[PDB]
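The structure appears below as structure tokens.
Here the Cβ positions follow ideal geometry from the backbone for every residue, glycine too, while neighbour counts run over all protein chains shown. Here, each number is a calculation from the coordinates, and none is a lab measurement.
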């Protein structure tokens, strides 16, 4: 309950999306500040998910309401406020 943050999660990506694209893609919805993509140790390869951080907390809501169930690189992505 009560999250109050700006870090969002992207679900439904491909091998074409990255922090670079997320930066440009999510910048209109809100000027991103940080983007982190975790990996494994045995495979060191994600699946297709990342974290988007915005400079403005309210800006994230836009990415949330804009990227949630949207289309990116021909892929359906889902966004939500981290916690």
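Would you please name the residue that is surrounded by the most Cβ atoms within 10 Å (Cβ to Cβ), looking only at residues in region 1-16 that are in contact with a helix residue (DSSP H, G or I) (Cβ under 8 Å, 6 or more places away or on another chain) and in a loop (DSSP other than H, G, I, E, B)?
6
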- Flagged in region 42-56 as within 14 Å of the chain's Cα centre (by Cα) and in contact (Cβ under 8 Å) with a residue 40 or more places away in the chain, in numbering order, are 49, 50, 51, 52, 53, 54, 55
- Task: Go over the candidates 35, 77 one by one and state the one that is free of Cβ contacts under 8 Å to residues at least 24 places away in the same chain, in contact with a strand residue (DSSP E or B) (Cβ under 9 Å, 6 or more places away or on another chain) and part of a strand (DSSP E or B).
- Result: 35
- Message: Where the second residue is surrounded by fewer than 17 Cβ atoms within 10 Å (Cβ to Cβ) and part of a strand (DSSP E or B) and the first is in contact (Cβ under 8 Å) with a residue 60 or more places away in the chain and on the phi > 0 side of the Ramachandran plot and lies in region 4-17, which pairs have Cβ atoms under 6 Å and are six or more apart or on separate chains?
- Response: 12/75; 12/76; 12/78
- Query: For region 51-74, how many residues meet the condition of being part of a strand (DSSP E or B) and in contact with a helix residue (DSSP H, G or I) (Cβ under 6 Å, 6 or more places away or on another chain)?
  - Reply: 2
- Flagged in region 22-32 as crowded, with 16+ Cβ neighbours inside 10 Å and not in a loop (DSSP other than H, G, I, E, B), in numbering order, are 22, 25, 26, 32
- Query: Considering region 38-57 alone, what residues qualify as being within 16 Å of residue 78 (Cβ to Cβ) and surrounded by 13 or more Cβ atoms within 10 Å (Cβ to Cβ)?
  - Reply: 46, 48, 49, 50, 51, 52
